[PDB]
Amino acid sequence: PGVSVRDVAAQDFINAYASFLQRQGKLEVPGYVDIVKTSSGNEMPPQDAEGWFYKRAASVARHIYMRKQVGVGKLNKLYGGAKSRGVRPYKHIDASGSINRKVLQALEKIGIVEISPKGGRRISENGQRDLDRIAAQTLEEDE
Amino acid sequence: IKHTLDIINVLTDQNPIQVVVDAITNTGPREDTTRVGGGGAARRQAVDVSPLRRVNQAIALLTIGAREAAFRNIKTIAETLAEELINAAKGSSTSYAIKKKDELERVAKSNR
Amino acid sequence: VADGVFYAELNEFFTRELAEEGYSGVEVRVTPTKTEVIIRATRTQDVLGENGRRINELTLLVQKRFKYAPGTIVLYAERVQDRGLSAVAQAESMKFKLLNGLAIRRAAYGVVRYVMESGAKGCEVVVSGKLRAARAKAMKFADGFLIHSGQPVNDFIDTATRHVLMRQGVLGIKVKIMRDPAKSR
Amino acid sequence: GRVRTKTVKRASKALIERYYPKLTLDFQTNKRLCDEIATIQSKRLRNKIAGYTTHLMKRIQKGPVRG
Amino acid sequence: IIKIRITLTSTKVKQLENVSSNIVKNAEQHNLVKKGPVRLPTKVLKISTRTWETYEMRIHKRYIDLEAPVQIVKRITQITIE
Amino acid sequence: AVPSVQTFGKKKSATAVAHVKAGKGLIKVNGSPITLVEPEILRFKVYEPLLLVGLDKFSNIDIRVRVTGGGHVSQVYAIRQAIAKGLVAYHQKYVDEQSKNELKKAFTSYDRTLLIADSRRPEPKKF
Amino acid sequence: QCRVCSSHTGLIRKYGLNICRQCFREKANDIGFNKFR
RNA sequence: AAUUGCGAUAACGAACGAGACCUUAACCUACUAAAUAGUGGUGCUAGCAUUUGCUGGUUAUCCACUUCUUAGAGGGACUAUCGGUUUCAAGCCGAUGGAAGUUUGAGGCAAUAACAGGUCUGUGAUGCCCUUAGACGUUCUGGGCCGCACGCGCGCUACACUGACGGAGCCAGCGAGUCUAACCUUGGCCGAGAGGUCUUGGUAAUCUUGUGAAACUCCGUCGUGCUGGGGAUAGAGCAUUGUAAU
């Protein structure tokens, strides 16, 4: 009966954990958040202009806790959008690597994600503890 | 369909599945016309269409009327389809398939 | 002595490359750094050809193909008959089969089967003498098509007689094989 | 139109004309009968012959058919 | 004592099963420890050729582990050439 | 050893292998709860092999589902079929035959897909 | 480019074997892609 | 389904036909068998609540197995059976059992009767214009093969609110991959991106790969307005392959 990330919903976990990271604020947030869209297969920057980066980091940390390890190209593949090419149809386009690198440096600087000797970003046991605790608090929101 | 059954609940029809079945019943053209040869000037003769085809025909007319009504307006597919099923569960001639059922049956009665 | 892998690979190369030059078998002996592969042969005038042919052709083909310089290996030839067309080798084989406990019928079927698989127009094996009985018996085993009169007897059919000594008595093997007249050459 | 080929008709008819009482109304024993009693090279054409023996045995136990 | 894995491939099943069974019989008759013939998936290499048609090829693969000295491995590898 | 039954369940190249062991009454699909299926619409479909028999049939068993292949609808039908198959196979091999017949009758009378594998495959396109 | 018998018409340019569809069905019984279905 | 058979009957035989031969599909918790596939138990190990548990890391920690992946052996289907229809015959149709019941479905295979159908860089004191100042052979540059009142046609993208945008979830399979070369690329840093850097894995069921594809699911922005649908056309720069991108 362990309260963990494996029990909560996806979008609720991302909303809650992004809210905890917003109220903390103790991460590495760049200055091109208001400037740069998350992928070249987009027209407009994300609507949560002051807070889409925390949503991005919450999605990343949730995607890391559930599996062995991730990379930058894997998270570029995960975000991938159907891009219109005008008169040409939609095609799959991977996202920017800079957002992945800065999210993983922000979550590695706080001590949640860590580089694993298979060349991969894995969840730290402190990050395991923190995500399981906030998932427990997300479950306690539901009482 | 789930949104539509919710709407038919909130529009004071406690049995939305019965609203669906009554719209199936009250919008089925019993008899229609076929285009016989007729000797050049091809008249149309009233045949008495099968009740399986009456079910097919009623569902087709309702989906066509709902797709006509929900296209090019703010009003959603669920609200238009619920409006059609409520105005068609009991014959009111403010829906689609009631009117076209009446048109097919009056062509059938005129052409027997 | 070279291995049977090399011998079977030359069998594979010859069976696909000497398809209409009469590749009967391969005799092979190895002296120090010289492997002598004698192509045992149906008809050898396909092998020798017009003024020296298939031996030079296959020698240069192995030197061009199997990356051999002239001087390492050597290719020889000998003139014999086809083992199936010849009544002598088939009579040796019939004597062999009768001396190893195989009866008249299965040995006759095997030898006639091998002759007809070789490519002879026909053959006949005549078996005489006594087999486990006092009374003597003779048995004809003919197949294909044979002729019995005239100058084509001297031209086309080979005959061989063998006295095969068994524990009871002696048997007379008479092998008569008709070679293909189109392949007379 | 599943018309039986000539080999199946003739073989099944011959197996019932000569070898009637061994054959039965059941396909699975007449199949083993056609396995044991005729040299059929393929299982499929043996099944063809055996089921046609089964059908003709169903027909002949009602009355004498022209064998 | 050398542990060598033999990876065999063929197009036809009967000669490949014959070669594998000969490996099994000969490595069993003089007490060699071994893994059984592991049968890889038959890969289906196809070409769509000019309606349209399809050309096919089945490729069958086995592999057998053996543990034997140099003499037995060399005689097995030489004799089993088919 | 905990008494467990290992049983497949397939839908459209989507294989969900189910491990029904003797446990607390715990159900997981791919290490995710049965409350959380990736489509919200198909959710009660996964509840269809559950409530068609009852809920006290489940407290004795810890249920595992691990899935390969398919799509979104295909995996849902695969996991609900695998739940039904693992449940009736547990109640066949360990529990008596009659309860297995009752569970298979309850599954068969509503949806025979939950016990019988499907066949709607994409045909070879007939060159 | 046909490097075998100067037969550019219908090269099969896949995998660099580069045989024309006329001569590819000449040499079809040497590689192994034959008629099954 | 057929000139396939029955039957009457100047009738009596045989061949190629056609059926038929080959190759495929589906069900096999009954075989036979596994570290280039997987599942479970079990060691070492990480987090969470602890009352037993959940999520896992661990190309050897061992075992079992093929339930799923896979190689075959076989098996099965032969219209099995029932009832209409049919000289109540070869057969057809409706229904049941069956993995499969329309010939379970497709394609290759001959013999006989048409192809000047398309060349062989073929041989023959072959016929015949010249025998060569011809380029037929070679080059080497730069423009073409794309040009535009228009006609014949196929496709892509739209005319949106069962929709566009902004997020999230992240579901497959067929393939394919480098040697005496620069293939497929994982990962890490830089860049808004394009891309770049540094390596690493895989000659392959192993790495790319679980190809985390797209459509799809959910939540917010939009509010019917050629609109936030559309993206044609055009400007500016920045990068990549190519000798050379006008």
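Cβ: placed from backbone, ideal geometry, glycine included. Neighbour counts: every protein chain shown. Computed from the coordinates by the stated procedures, all read-outs in this text should not be read as laboratory data.
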Treating each Cα of the range C:89-163 as an identical point scatterer and ignoring solvent, apply the Debye formula and state log10 I(q)/I(0) at q = 0.18, 0.20, 0.28 Å⁻¹. -0.77, -0.92, -1.47
Under unit Cβ charges (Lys, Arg +1; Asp, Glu -1), what dipole magnitude, rounded to 20 debye, does chain C have relative to its Cα centre? 1060 debye
Of E:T80, C:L146, F:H72, which is farthest towards the positive pole of the protein assembly as shown's charge dipole, taken about the Cα centre with +1 and -1 on the beta-carbons of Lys, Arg and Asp, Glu respectively? C:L146
Could you point to the residue in A:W52, A:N76, A:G127 farthest towards the positive end of chain A's charge dipole, with +1 and -1 charges on the Cβ of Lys/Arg and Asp/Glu respectively? A:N76
nm² value of the averaged projected area, convex hull over the Cα atoms of chain E: 6.3 nm²
Straight-distance crosslink candidates among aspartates and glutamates, where the alpha carbon sits under 14 Å from F:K100 and sequence neighbours closer than 8 are dropped: none
C-alpha center-to-center spacing [the range C:34-110, the range C:1-18] in angstrom: 12 Å
Unit charges on C-beta of K, R, D, E only; dipole of the protein assembly as shown, Debye: 3600 debye
With the Cα gyration tensor of chain A in hand, convert its eigenvalues to equivalent ellipsoid semi-axes via √(5λ) and list them largest first in whole Å. 27, 17, 15
Return the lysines within reach of E:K3: Cα separation strictly under 24 angstrom, same-chain partners fewer than 8 residues apart disregarded; answer none if there are no such residues. E:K25, E:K34, E:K35, E:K61, E:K74
Give or take rounding to whole Å, what are the principal axis extents of the alpha carbon atoms in the range F:12-52, in descending order? 30, 25, 20
Check cross-link reach from D:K13 to the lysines: straight Cα distance under 26 Å, and skip same-chain residues fewer than eight apart. D:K22, D:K31, D:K43, D:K48, D:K58, D:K62
The range F:69-101 and the range A:65-119: distance between their alpha carbon centers, rounded to Å: 37 Å
Over the whole of E:54-66, what's the average partner chain Cβ count within 10 Å per residue? Rounded to a whole number, please. 2
Starting from the Kirkwood Rh over alpha-carbon pairs, what translational D in µm² s⁻¹ does the protein assembly as shown have by Stokes-Einstein at 4 °C and 1.567 mPa s? 34 µm²/s
For the range D:6-61, the convex hull over Cα atoms projects on average to an area in nm² of 3.3 nm²
Given C:2-10, C:19-27, the highest-first ranking by average Cβ count within 10 Å works out to C:19-27, C:2-10
Taking the alpha-carbon centre of each part, the distance from the range B:67-112 to the range B:40-60 in Å is 17 Å
Over the Cα atoms of the range C:38-185, Rg to Rh with Kirkwood Rh, two decimal places? 1.12
Please check chain D for the longest run free of trypsin sites (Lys or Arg not before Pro) that are loop-located per DSSP (anything but H, G, I, E, B) and have at most 15 other Cβ atoms within 10 Å. D:23-61
Number of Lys pairs (Cα under 13 Å; 8 or more positions apart or on different chains) in chain A: 4
